[PDB]
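These notes concern the structure reproduced below.
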Amino acid sequence: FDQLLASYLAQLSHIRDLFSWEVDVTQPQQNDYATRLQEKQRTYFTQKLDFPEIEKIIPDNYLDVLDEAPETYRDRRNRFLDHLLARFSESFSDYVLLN
Amino acid sequence: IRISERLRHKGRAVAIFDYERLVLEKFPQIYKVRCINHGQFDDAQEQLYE
Amino acid sequence: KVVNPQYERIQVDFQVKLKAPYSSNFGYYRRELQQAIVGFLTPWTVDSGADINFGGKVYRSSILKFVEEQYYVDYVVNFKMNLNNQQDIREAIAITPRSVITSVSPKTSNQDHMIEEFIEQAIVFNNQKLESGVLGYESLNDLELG
Amino acid sequence: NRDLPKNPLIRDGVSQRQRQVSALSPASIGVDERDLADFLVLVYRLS
Amino acid sequence: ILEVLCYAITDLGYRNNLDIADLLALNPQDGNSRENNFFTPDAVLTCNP
Amino acid sequence: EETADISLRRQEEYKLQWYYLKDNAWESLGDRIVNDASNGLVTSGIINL
Amino acid sequence: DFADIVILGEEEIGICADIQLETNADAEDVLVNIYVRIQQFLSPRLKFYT
Amino acid sequence: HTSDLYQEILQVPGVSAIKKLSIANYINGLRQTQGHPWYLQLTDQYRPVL
């Protein structure tokens, strides 16, 4: 139950990372575009718990099992980019040679 | 709808998209419109020059 | 300059088969279908009228889909489409950039949509056999052992 | 009668109902889209 | 356990009614914070003559 | 309903026919009948012209 | 009485078509769906109930 | 009847319009006829498949 409450609040702390226009890069580089590293390439965010005697119950690192599958990331990121493009009255679906 | 279209044509008519959307927003009694590029209409003959 | 359009007219021609018990009152349901096609080709007259152009063209298959959805129709054969003295067309294109497509009416012109009844026993097939009299193409009763 | 040139661009106009876009309505993408089965899978994997 | 959970949920719902200008604020102490959501009127509503 | 002939069923070539008058000229009504619940005057019913 | 017992054969229906697609489409899946729907149309099977 | 296939091909998402459609009969892998745009007659002893 603590994990669900903490995850709910982690989704509020990170609103500006759902609507950001930044480009995902894996190798830091200068390309005159705003870029994003691996720690922020998510559509669901999580926290680490803290209570007394945590070190005996929840050992070293457990958050890796909570990550979303890459297919969900791709789908939701694509839909958010579509929504952000639509505010300027333009979409990639109208250009055949682009796909 | 109105504001997303304005954020693209900036309120000026320079291209096919601009002529069409500026008319449909101002005059609600139109159903459909088409913009013809580099074409002229002759009233006396009722002829269109392509 | 802002002007008024130029109108082109479409006519259709097909044979139809009705469901029971509607098939016993054919003459009444030929009139219901004629008026339905006119309403389809004039989407400005009806609220929430859908569009028929796909790009700059109108296709024969989209009218055929609308006819097949009426609740009293079984199937259609020999569907044909006419556009201003062009006699059998698969896709209608604008003649001039001012052109707009509408329907044919007996009080704006003297033409209507031509609908007649399909009769099973009077059918003639137009399909020739590729081979005859040889092995692989005939029933066992018809091999004459030449 | 004179055989004048033609316009090579072929298209149609725009109607009042073709101004709607689906991606522009905020109902197309939500902030949390998970349901009951996802929460059951989550608890099973966390255990 | 039920009562404690309902109290926590009330806290969660409380934190969703803060003004949207406060939910989207940037961190003054993080030098890596940048504007990455919005464009200003000078950059959107303008056009060359 | 009891007064008809039961020898054979009315054939299709002998349906009933309906006309209306227009200054000494008769015109057909065959394609303006919506519903005939009398089935051609064999049972009591309403015809809708 | 019963005169005889006959085993039925089968015919294959070949289909030739020219289809126009929408912009947001993939021909492969669409053709898969066409084959599935036509085959279901031609040869239905009955279900057994409790 | 081809319209029974026309109306079901028109139900697949992504299909815009059908520009051409025709059917033909095959037995034993060999084409038996030339085909027809609107209807096809089946052999007495055989079941149609795709």
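Numbering starts fresh at 1 for the residues of each chain in the structure tokens, the chains themselves are lettered A, B, ... in the order given, and ligands are numbered from 1 as they appear.
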
### Message
DSSP on the backbone: which residues in chain H end up as strand (DSSP E or B)? Give the answer as a list in words.
### Response
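The residues of chain H classed as strand (DSSP E or B) are residues 15, 16, 17, 18, 19, 20, 21, 22, 23, 24, 25, 26, 27, 30, 31, 36, 46, 47, 48 and 49 of chain H.
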
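With only C-alpha atoms taken into account, the protein and nucleic acid residues at most 9 Å from region 35-43 of chain G (excluding it and anything under 5 positions from it in its own chain) are residues 30 of chain G; 5, 8, 9, 47, 48, 49 and 50 of chain H.
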
Go ahead and save the picked residues with C-alpha atoms, as an mmCIF file, in the first residue's frame.
data_model
loop_
_atom_site.group_PDB
_atom_site.id
_atom_site.type_symbol
_atom_site.label_atom_id
_atom_site.label_comp_id
_atom_site.auth_asym_id
_atom_site.auth_seq_id
_atom_site.Cartn_x
_atom_site.Cartn_y
_atom_site.Cartn_z
ATOM 1 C CA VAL G 30 -5.402 -5.510 -43.917
ATOM 2 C CA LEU H 5 -17.755 -9.872 -50.672
ATOM 3 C CA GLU H 8 -17.479 -7.316 -46.143
ATOM 4 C CA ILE H 9 -14.223 -6.038 -47.628
ATOM 5 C CA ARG H 47 -18.076 -26.868 -51.566
ATOM 6 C CA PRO H 48 -16.563 -23.380 -52.007
ATOM 7 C CA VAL H 49 -13.436 -22.423 -50.055
ATOM 8 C CA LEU H 50 -10.980 -19.533 -50.245
#

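Contact shell of residue 40 (chain C) at 10 Å (only C-alpha atoms; same-chain neighbours under 5 positions omitted): residues 35, 45, 46, 49, 50, 51, 52, 63, 66, 102 and 103 of chain C.
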
Please write the residues from the selection above to a file, keeping N, CA, C and O atoms, as a PDB file, in the first residue's frame.
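Dumped to again_34.pdb:
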ATOM      1  N   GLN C  35     -35.252   8.104 -54.163  1.00  0.00           N
ATOM      2  CA  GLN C  35     -35.139   9.287 -53.319  1.00  0.00           C
ATOM      3  C   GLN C  35     -33.994   9.169 -52.326  1.00  0.00           C
ATOM      4  O   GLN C  35     -33.455  10.185 -51.883  1.00  0.00           O
ATOM      5  N   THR C  45     -27.613  19.327 -47.940  1.00  0.00           N
ATOM      6  CA  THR C  45     -29.019  19.486 -47.594  1.00  0.00           C
ATOM      7  C   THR C  45     -29.381  18.817 -46.280  1.00  0.00           C
ATOM      8  O   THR C  45     -30.406  19.163 -45.686  1.00  0.00           O
ATOM      9  N   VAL C  46     -28.574  17.874 -45.817  1.00  0.00           N
ATOM     10  CA  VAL C  46     -28.880  17.093 -44.631  1.00  0.00           C
ATOM     11  C   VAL C  46     -27.874  17.445 -43.548  1.00  0.00           C
ATOM     12  O   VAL C  46     -26.715  17.761 -43.837  1.00  0.00           O
ATOM     13  N   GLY C  49     -24.249  15.256 -42.905  1.00  0.00           N
ATOM     14  CA  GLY C  49     -24.009  14.520 -44.135  1.00  0.00           C
ATOM     15  C   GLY C  49     -22.525  14.257 -44.331  1.00  0.00           C
ATOM     16  O   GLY C  49     -21.685  15.137 -44.151  1.00  0.00           O
ATOM     17  N   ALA C  50     -22.210  13.023 -44.712  1.00  0.00           N
ATOM     18  CA  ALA C  50     -20.831  12.587 -44.870  1.00  0.00           C
ATOM     19  C   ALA C  50     -20.328  12.868 -46.281  1.00  0.00           C
ATOM     20  O   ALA C  50     -21.101  13.083 -47.215  1.00  0.00           O
ATOM     21  N   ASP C  51     -19.009  12.864 -46.425  1.00  0.00           N
ATOM     22  CA  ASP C  51     -18.374  13.204 -47.689  1.00  0.00           C
ATOM     23  C   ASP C  51     -18.102  11.963 -48.534  1.00  0.00           C
ATOM     24  O   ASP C  51     -17.922  10.858 -48.019  1.00  0.00           O
ATOM     25  N   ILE C  52     -18.086  12.165 -49.849  1.00  0.00           N
ATOM     26  CA  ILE C  52     -17.918  11.078 -50.797  1.00  0.00           C
ATOM     27  C   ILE C  52     -16.586  11.153 -51.536  1.00  0.00           C
ATOM     28  O   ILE C  52     -16.115  10.128 -52.038  1.00  0.00           O
ATOM     29  N   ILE C  63     -21.155   4.230 -53.717  1.00  0.00           N
ATOM     30  CA  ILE C  63     -22.601   4.232 -53.910  1.00  0.00           C
ATOM     31  C   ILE C  63     -23.149   2.823 -53.767  1.00  0.00           C
ATOM     32  O   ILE C  63     -24.251   2.617 -53.247  1.00  0.00           O
ATOM     33  N   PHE C  66     -23.770   1.969 -50.161  1.00  0.00           N
ATOM     34  CA  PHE C  66     -24.952   2.597 -49.582  1.00  0.00           C
ATOM     35  C   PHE C  66     -26.225   1.864 -49.985  1.00  0.00           C
ATOM     36  O   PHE C  66     -27.171   1.772 -49.197  1.00  0.00           O
ATOM     37  N   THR C 102     -23.364  16.646 -58.200  1.00  0.00           N
ATOM     38  CA  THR C 102     -24.689  16.509 -57.610  1.00  0.00           C
ATOM     39  C   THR C 102     -25.456  15.392 -58.304  1.00  0.00           C
ATOM     40  O   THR C 102     -24.876  14.614 -59.062  1.00  0.00           O
ATOM     41  N   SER C 103     -26.754  15.298 -58.052  1.00  0.00           N
ATOM     42  CA  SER C 103     -27.562  14.203 -58.562  1.00  0.00           C
ATOM     43  C   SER C 103     -28.393  14.632 -59.767  1.00  0.00           C
ATOM     44  O   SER C 103     -28.474  15.806 -60.126  1.00  0.00           O
TER      45      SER C 103
END

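By only C-alpha atoms, and with residues fewer than 4 positions from region 18-29 of chain D along its chain excluded, the set lying at most 7 Å from it is residues 79, 80, 82, 83, 86 and 87 of chain A; 14 of chain D.
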
### Task
Hey, list the chain A side of the contact with chain E: 8 Å cut-off, only C-alpha atoms, answer as a list in words.
residues 5, 8, 9, 12, 13, 15, 16, 19, 20, 21 and 22 of chain A

### Residues of chain B within 10 Å of chain E, only C-alpha atoms counted, as a list in words
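Taking only C-alpha atoms into account, residues 6, 7, 8, 9, 10, 11 and 12 of chain B sit within 10 Å of chain E.
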
File of the preceding selection, N, CA, C and O atoms, as a JSON list (two decimals), in the first residue's frame:
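The resulting file, again_9.json, is reproduced below:
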[["chain", "number", "residue", "atom", "x", "y", "z"],
["B", 6, "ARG", "N", -5.35, 29.35, -35.94],
["B", 6, "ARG", "CA", -4.65, 30.63, -35.99],
["B", 6, "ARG", "C", -3.17, 30.47, -35.68],
["B", 6, "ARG", "O", -2.34, 31.16, -36.28],
["B", 7, "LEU", "N", -2.82, 29.58, -34.76],
["B", 7, "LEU", "CA", -1.40, 29.40, -34.46],
["B", 7, "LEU", "C", -0.61, 28.90, -35.67],
["B", 7, "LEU", "O", 0.62, 28.83, -35.59],
["B", 8, "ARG", "N", -1.27, 28.55, -36.77],
["B", 8, "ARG", "CA", -0.59, 28.12, -37.98],
["B", 8, "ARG", "C", -0.65, 29.14, -39.10],
["B", 8, "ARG", "O", 0.37, 29.38, -39.75],
["B", 9, "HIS", "N", -1.80, 29.77, -39.37],
["B", 9, "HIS", "CA", -1.77, 30.74, -40.46],
["B", 9, "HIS", "C", -1.49, 32.17, -40.02],
["B", 9, "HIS", "O", -1.36, 33.05, -40.88],
["B", 10, "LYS", "N", -1.37, 32.43, -38.72],
["B", 10, "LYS", "CA", -0.98, 33.73, -38.16],
["B", 10, "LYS", "C", -1.94, 34.86, -38.56],
["B", 10, "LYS", "O", -1.61, 36.03, -38.36],
["B", 11, "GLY", "N", -3.10, 34.55, -39.10],
["B", 11, "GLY", "CA", -4.04, 35.58, -39.50],
["B", 11, "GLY", "C", -3.78, 36.23, -40.84],
["B", 11, "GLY", "O", -4.38, 37.27, -41.13],
["B", 12, "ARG", "N", -2.91, 35.65, -41.66],
["B", 12, "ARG", "CA", -2.53, 36.20, -42.95],
["B", 12, "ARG", "C", -2.80, 35.15, -44.02],
["B", 12, "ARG", "O", -2.61, 33.95, -43.78]]

### Nearest to chain A, chosen from G:24, G:29, G:11, G:17, with only C-alpha atoms counted in the distances
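When distances to chain A are compared using only C-alpha atoms, the smallest one comes from G:24.
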
### Task
Compute the set of chain B residues within 10 Å of chain C, using only C-alpha atoms, and express it as a list in words.
residues 30, 31, 32, 33, 34, 35, 36, 37, 39, 40, 41, 42, 43, 48 and 50 of chain B

### Task
Excluding residue 9 (chain G) and any residue of its chain fewer than 3 positions from it, enumerate the residues within 10 Å of it, using only C-alpha atoms, and give them as a PyMOL selection string.
(chain G and resi 6) or (chain H and resi 27+43-48)

### Task
If you run DSSP over the backbone, which residues in region 22-77 of chain C end up helix (DSSP H, G or I)? Put them as a PyMOL selection string.
chain C and resi 22-40+60-67

### Query
If you count only C-alpha atoms, which residues fall within 10 Å of region 1-17 of chain F, apart from same-chain ones fewer than 6 positions away, as a PyMOL selection string?
chain F and resi 28-30+40-44

Same residues, C-alpha atoms, saved as an mmCIF file, in the first residue's frame:
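This went into result_38.cif:
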data_model
loop_
_atom_site.group_PDB
_atom_site.id
_atom_site.type_symbol
_atom_site.label_atom_id
_atom_site.label_comp_id
_atom_site.auth_asym_id
_atom_site.auth_seq_id
_atom_site.Cartn_x
_atom_site.Cartn_y
_atom_site.Cartn_z
ATOM 1 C CA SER F 28 -52.256 3.256 -62.595
ATOM 2 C CA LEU F 29 -51.760 3.276 -58.816
ATOM 3 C CA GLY F 30 -49.618 0.145 -58.623
ATOM 4 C CA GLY F 40 -56.078 -8.978 -52.257
ATOM 5 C CA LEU F 41 -59.603 -9.032 -50.783
ATOM 6 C CA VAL F 42 -59.496 -12.425 -49.105
ATOM 7 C CA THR F 43 -59.523 -11.248 -45.470
ATOM 8 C CA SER F 44 -60.743 -8.094 -43.766
#

Long-range neighbours of residue 69 (chain C) as a PDB file with C-alpha atoms, in the first residue's frame, 12 Å cut-off, only C-alpha atoms, 3 positions minimum in chain:
ATOM      1  CA  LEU C  18     -35.318  -7.693 -52.652  1.00  0.00           C
ATOM      2  CA  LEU C  33     -34.558   3.821 -53.255  1.00  0.00           C
ATOM      3  CA  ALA C  36     -32.516   7.765 -51.016  1.00  0.00           C
ATOM      4  CA  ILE C  37     -29.740   8.062 -53.605  1.00  0.00           C
ATOM      5  CA  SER C  62     -19.132   3.915 -52.372  1.00  0.00           C
ATOM      6  CA  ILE C  63     -22.601   4.232 -53.910  1.00  0.00           C
ATOM      7  CA  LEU C  64     -22.812   0.442 -54.128  1.00  0.00           C
ATOM      8  CA  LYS C  65     -22.094   0.215 -50.395  1.00  0.00           C
ATOM      9  CA  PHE C  66     -24.952   2.597 -49.582  1.00  0.00           C
ATOM     10  CA  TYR C  72     -34.946  -4.519 -47.980  1.00  0.00           C
ATOM     11  CA  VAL C  73     -32.095  -5.382 -50.388  1.00  0.00           C
ATOM     12  CA  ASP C  74     -30.503  -8.792 -50.969  1.00  0.00           C
ATOM     13  CA  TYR C  75     -27.976  -8.222 -53.758  1.00  0.00           C
ATOM     14  CA  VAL C  76     -27.235  -6.091 -56.823  1.00  0.00           C
TER      15      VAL C  76
ATOM     16  CA  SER H   3     -21.638  -7.796 -53.568  1.00  0.00           C
ATOM     17  CA  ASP H   4     -21.552 -10.159 -50.579  1.00  0.00           C
ATOM     18  CA  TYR H   6     -17.824  -6.138 -51.537  1.00  0.00           C
ATOM     19  CA  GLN H   7     -19.833  -5.316 -48.391  1.00  0.00           C
ATOM     20  CA  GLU H   8     -17.479  -7.316 -46.143  1.00  0.00           C
ATOM     21  CA  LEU H  10     -15.619  -2.554 -47.019  1.00  0.00           C
TER      22      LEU H  10
END

### Task
Give as a VMD selection string every residue of chain D that touches chain C within 9 Å, counting only C-alpha atoms.
chain D and resid 6 to 7 10 to 13 15 17

Grab the residues selected above and save them as a short mmCIF file (atom, residue, chain, number, x, y, z; two decimals), in the first residue's frame with N, CA and C atoms.
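Output file selection.cif follows:
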data_model
loop_
_atom_site.label_atom_id
_atom_site.label_comp_id
_atom_site.auth_asym_id
_atom_site.auth_seq_id
_atom_site.Cartn_x
_atom_site.Cartn_y
_atom_site.Cartn_z
N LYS D 6 -4.31 23.35 -68.68
CA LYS D 6 -5.07 22.86 -67.53
C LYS D 6 -4.27 23.02 -66.24
N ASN D 7 -4.99 23.01 -65.13
CA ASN D 7 -4.36 23.06 -63.81
C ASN D 7 -3.97 21.65 -63.39
N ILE D 10 -4.91 18.39 -58.51
CA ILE D 10 -6.23 17.80 -58.38
C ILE D 10 -6.48 17.50 -56.92
N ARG D 11 -7.58 18.02 -56.38
CA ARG D 11 -7.92 17.88 -54.97
C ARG D 11 -9.38 18.31 -54.82
N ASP D 12 -9.85 18.34 -53.59
CA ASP D 12 -11.16 18.90 -53.27
C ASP D 12 -11.00 19.96 -52.19
N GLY D 13 -12.11 20.60 -51.84
CA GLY D 13 -12.12 21.63 -50.83
C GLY D 13 -12.23 21.07 -49.43
N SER D 15 -14.70 21.09 -45.80
CA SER D 15 -16.03 21.31 -45.26
C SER D 15 -15.95 21.74 -43.80
N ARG D 17 -17.31 20.16 -41.27
CA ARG D 17 -17.12 19.01 -40.40
C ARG D 17 -15.73 18.41 -40.49
#

### Message
Taking only C-alpha atoms into account, find every residue of chain C that has an atom no more than 8 Å from chain H, and write it out as a list in words.
### Response
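Applying the cut-off to the listed atoms yields residues 54, 59, 60, 61, 62, 65, 68, 75, 76, 77, 78, 90, 126, 127, 128, 129, 130, 131, 136 and 137 of chain C.
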
Residues just named, written with N, CA and C atoms as a tab-separated table (two decimals), in the first residue's frame:
chain	number	residue	atom	x	y	z
C	54	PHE	N	-12.65	11.16	-52.11
C	54	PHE	CA	-11.43	10.65	-51.49
C	54	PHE	C	-10.29	11.18	-52.36
C	59	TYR	N	-15.74	7.35	-56.31
C	59	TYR	CA	-15.63	5.98	-56.77
C	59	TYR	C	-16.99	5.31	-56.86
C	60	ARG	N	-17.10	4.35	-57.77
C	60	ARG	CA	-18.36	3.63	-57.97
C	60	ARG	C	-18.72	2.76	-56.77
C	61	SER	N	-17.73	2.31	-56.01
C	61	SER	CA	-17.96	1.36	-54.94
C	61	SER	C	-18.63	1.98	-53.72
C	62	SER	N	-18.55	3.30	-53.56
C	62	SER	CA	-19.13	3.91	-52.37
C	62	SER	C	-20.64	4.08	-52.50
C	65	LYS	N	-22.04	0.54	-51.81
C	65	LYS	CA	-22.09	0.21	-50.40
C	65	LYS	C	-23.35	0.78	-49.74
C	68	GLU	N	-26.47	-1.40	-50.72
C	68	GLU	CA	-26.48	-2.70	-50.06
C	68	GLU	C	-26.86	-2.63	-48.59
C	75	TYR	N	-29.21	-8.42	-53.01
C	75	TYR	CA	-27.98	-8.22	-53.76
C	75	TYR	C	-28.27	-7.46	-55.04
C	76	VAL	N	-27.20	-6.93	-55.63
C	76	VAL	CA	-27.24	-6.09	-56.82
C	76	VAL	C	-26.35	-6.71	-57.89
C	77	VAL	N	-26.72	-6.52	-59.15
C	77	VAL	CA	-25.91	-6.97	-60.28
C	77	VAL	C	-25.90	-5.90	-61.35
C	78	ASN	N	-24.80	-5.84	-62.11
C	78	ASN	CA	-24.66	-4.99	-63.29
C	78	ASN	C	-24.78	-3.51	-62.95
C	90	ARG	N	-15.48	4.20	-63.77
C	90	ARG	CA	-15.12	3.67	-62.46
C	90	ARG	C	-14.93	4.77	-61.42
C	126	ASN	N	-22.00	-15.28	-68.87
C	126	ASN	CA	-20.99	-14.88	-69.85
C	126	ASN	C	-19.64	-15.33	-69.31
C	127	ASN	N	-19.31	-16.59	-69.55
C	127	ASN	CA	-18.11	-17.18	-68.97
C	127	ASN	C	-17.76	-18.42	-69.79
C	128	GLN	N	-16.72	-18.33	-70.61
C	128	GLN	CA	-16.33	-19.45	-71.46
C	128	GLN	C	-15.28	-20.37	-70.85
C	129	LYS	N	-15.48	-21.67	-71.02
C	129	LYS	CA	-14.55	-22.67	-70.51
C	129	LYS	C	-13.20	-22.53	-71.20
C	130	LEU	N	-12.13	-22.68	-70.42
C	130	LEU	CA	-10.80	-22.55	-71.00
C	130	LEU	C	-10.43	-23.76	-71.85
C	131	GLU	N	-10.95	-24.94	-71.51
C	131	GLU	CA	-10.64	-26.15	-72.26
C	131	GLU	C	-11.89	-27.02	-72.28
C	136	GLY	N	-9.14	-33.69	-66.93
C	136	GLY	CA	-9.00	-32.65	-65.95
C	136	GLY	C	-10.04	-31.55	-66.04
C	137	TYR	N	-10.86	-31.55	-67.09
C	137	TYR	CA	-11.79	-30.46	-67.35
C	137	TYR	C	-13.23	-30.91	-67.52

### Query
In Å, with one decimal, what is the gap from CA of residue 49 (chain A) to CA of residue 63 (chain A)?
10.3 Å

### Query
CA of residue 20 (chain G) and CA of residue 15 (chain H) are how many Å apart?
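Result for CA of residue 20 (chain G) versus CA of residue 15 (chain H): 6.3 Å, one decimal.
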
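Across the model, the gap from CA of residue 66 (chain A) to CA of residue 45 (chain D) is 8.0 Å.
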